[PDB]
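Asker: below: the sequence, then the experimentally determined structure.
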Amino acid sequence: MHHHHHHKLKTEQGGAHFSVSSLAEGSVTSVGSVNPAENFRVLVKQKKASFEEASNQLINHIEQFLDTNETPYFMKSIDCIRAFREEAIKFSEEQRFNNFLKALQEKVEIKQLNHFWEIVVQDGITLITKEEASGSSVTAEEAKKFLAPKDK
């Protein structure tokens, strides 16, 4: 007539559970998932580095690549440029723009990598696309003018 326990009141865990990440924690490799610019993005989005030091390491890494002879990274370089490009607009960094641009270019000048400069002309990756500003209505046109793949 009497019974104790076996009532089942406490739930066991309740939900999925396993290892986290398991991708790259310790050494493993560099870069989380694609995009070599994501790192710079990390510092700009984190307390790591300022939008300048971060973008600096981004272009710097791009310099290492630009040191190599591989181009899979040259269009991807343009992409990195595209990485801090948009971020800067949201990060309010105008000087950093003409800086990475005049710096990466002045660099292509000192050395070769004119091919990188080529896609730059084909991508409008030169001068302050808007108008040496931080908030305008102008588009890539300006850049398209600095180095256009058409006209004379």
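Answerer: Cool, got the structure. Numbers count the residues shown, from 1 in each chain.

Asker: now for the residue nearest the centre of the chain: which residues touch it?
Answerer: The centroid of the chain falls nearest to residue 37 when counting by CA atoms, centre = their mean (2.7 Å). Applying CB atoms under 8 Å, 6 or more residues apart in numbering to residue 37 gives the contacts 58, 79, 80, 83, 84. All C-beta atoms are positioned from the backbone trio N, CA, C, and that covers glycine.

Asker: repeat that for 7 Å
Answerer: Residue 37 sits next to 58, 80, 83, 84 when contact means CB atoms under 7 Å, 6 or more residues apart in numbering.

Asker: and the contacts of stretch 10-28?
Answerer: residue 32.

Asker: in it, what counts as buried?
Answerer: Residues of stretch 10-28 classed as buried by neighbour count (16 or more other CB atoms under 10 Å): none.

Asker: for the lengthiest helix in the chain, name the packing helices and strands.
Answerer: In the chain, with assignment by DSSP state H, the single longest helix is helix 72-91. The contact analysis (3 or more CB pairs under 7 Å, 6 or more residues apart in numbering; DSSP states H and E) places helix 72-91 against helix 38-45, helix 51-67, helix 95-110, helix 114-123.

Asker: how many residues are close by residue 67?
Answerer: Residues lying near residue 67 (other CB atoms under 10 Å) number 9.

Asker: with residue 55 instead?
Answerer: Residue 55: 29 surrounding residues under other CB under 10 Å.
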